[PDB]
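A quick write-up on the structure given underneath.
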Amino acid sequence: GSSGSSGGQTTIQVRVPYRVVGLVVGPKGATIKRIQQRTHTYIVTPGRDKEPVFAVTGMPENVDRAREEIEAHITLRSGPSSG
């Protein structure tokens, strides 16, 4: 009701396309490292043979703030266009 529960912060699982992943994570973790800081959250990268899903652990306001940036990259142009 008011008090008597173990658990404060929260953890959400962001869903991103394996295509954007490499873009988000960055050169062996060079870009994603900035977010964790700017958002002060615990971002965990998925495996190599698993589905593309980032895990963010933190307050219900921080973890949700980082997710926005992550997906944001999906639209942000990062790389050449000419095939």
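Note that we place each Cβ from the backbone using ideal geometry, even for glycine, and neighbour counts take in every protein chain shown. Every number in this text was worked out from the coordinates using simple rules, so none of it is lab data.
Looking only at region 54-83, filter to residues that are among the charged types (D, E, K, R) and within 16 Å of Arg34 (Cα to Cα); which one of those is surrounded by the fewest Cβ atoms within 10 Å (Cβ to Cβ)?
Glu68
Checking the stated criteria, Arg65 turns out to be part of a helix (DSSP H, G or I), among the basic types (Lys, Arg) and in contact (Cβ under 8 Å) with a residue 24 or more places away in the chain. Only a single item in (1) more than 18 Å from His73 (Cα to Cα); (2) surrounded by 13 or more Cβ atoms within 10 Å (Cβ to Cβ) is not met by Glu51, and it is number (2).
How many of the residues making up region 1-38 are assigned to a loop (DSSP other than H, G, I, E, B), free of Cβ contacts under 8 Å to residues at least 12 places away in the same chain, surrounded by fewer than 13 Cβ atoms within 10 Å (Cβ to Cβ) and under 14 Å from the mean Cα position of the chain (by Cα)? Total meeting the criteria: 1.
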